[PDB]
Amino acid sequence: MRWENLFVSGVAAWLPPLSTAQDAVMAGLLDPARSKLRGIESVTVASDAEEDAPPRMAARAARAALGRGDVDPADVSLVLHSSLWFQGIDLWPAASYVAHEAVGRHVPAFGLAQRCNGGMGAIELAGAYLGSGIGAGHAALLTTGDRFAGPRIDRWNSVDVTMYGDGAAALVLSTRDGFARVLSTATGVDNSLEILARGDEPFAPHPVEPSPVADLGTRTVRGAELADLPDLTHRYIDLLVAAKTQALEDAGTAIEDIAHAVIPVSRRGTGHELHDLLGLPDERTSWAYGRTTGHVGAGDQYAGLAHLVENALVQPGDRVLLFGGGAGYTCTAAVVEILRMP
């Protein structure tokens, strides 16, 4: 999709303090071989206090993003809140709380689930909503927020390719103006790969209690065994290449003209990484940042973009690729152009 009139108005993260892989190793929580392989130096870890519940961190990130963009909350016509895990209270609309605390009473709010790709997928859904004429305001607030805790989640081991960081991020879209223009978005998807996110886990009538520690790495292997697909790895590669090619093509931009790519925090640690598929070096991705925060739920792309802008690592005229990807498997990519610095 080529967007004629869509902008990023503001972007911000609220992240708790850093917790080092070195301390995790010394506490016996993380095998040193694994620490070295995955290359994550630290992840962000929140206290267990109510004030650090995901919807409260999201509310803080949202207020920072709206303030930095100078967007009036009364001009926000939609709130989308994406997440991976528990928001702190069940049977309750976390999205309406985020909306209420950051924007106000009379804005439609949805919770959005597209696993790790939620932040990026939200941009397409919101962009469409803003162009439709359904609501009066010109802006949409997109938030993410998670806070991982045991027993269910072991942030250091529960996923093979990454380590979870706690925190929230926010991005404000506008059809009027912003510091960056969204030139394009594009989604590659292959829903056959959903089996890798459940493995051989049975469908249970109720959440299994007490919660065993999650092991999504073992799910992918039971999943691969079960699927019996000849081209499993090719399916992943193809959907990622389609998102990239179409986002770039619809933006009229080549990969050589991408100043920086903001990517999911994940790492194989040997062989080809995502940057090799994208066709650009490691230093032109957000990895140097991402490896200090870990995988902050659905917010890596918003957080990484905030990092670029806050540290003046881009200037007007640069184009940036925001690149998604999440279990499903769904990948939404976007090309943005820096128009001015906040």
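All residue numbers refer to positions in the sequence shown, first residue = 1.
- Of the two segments, 26-34 and 63-71, the one listed with the higher mean B-factor is 63-71 (C-alpha atoms only).
- 128-136 and 79-87 differ in mean CA B-factor, and the higher of the two is recorded for 128-136.
- Of the candidates 115, 155, 152, 234, the PDB record gives 234 the highest C-alpha temperature factor.
- Going by the entry's values, 221 shows the largest Cα B-factor out of 168, 142, 265, 221.
- The PDB entry assigns residue 254 a C-alpha temperature factor belonging to the highest third of its chain's modelled residues.
- Residue 121: CA B factor in the lowest third of modelled residues in this chain (values from the PDB entry).
- The deposited CA B-factor of residue 190 belongs to the lowest third of values across its chain.
- Annotation for residue 279: C-alpha temperature factor in the highest third relative to the rest of the modelled chain, per the entry.
- Annotation for residue 228: CA B-factor lies in the highest third of the chain's modelled residues.
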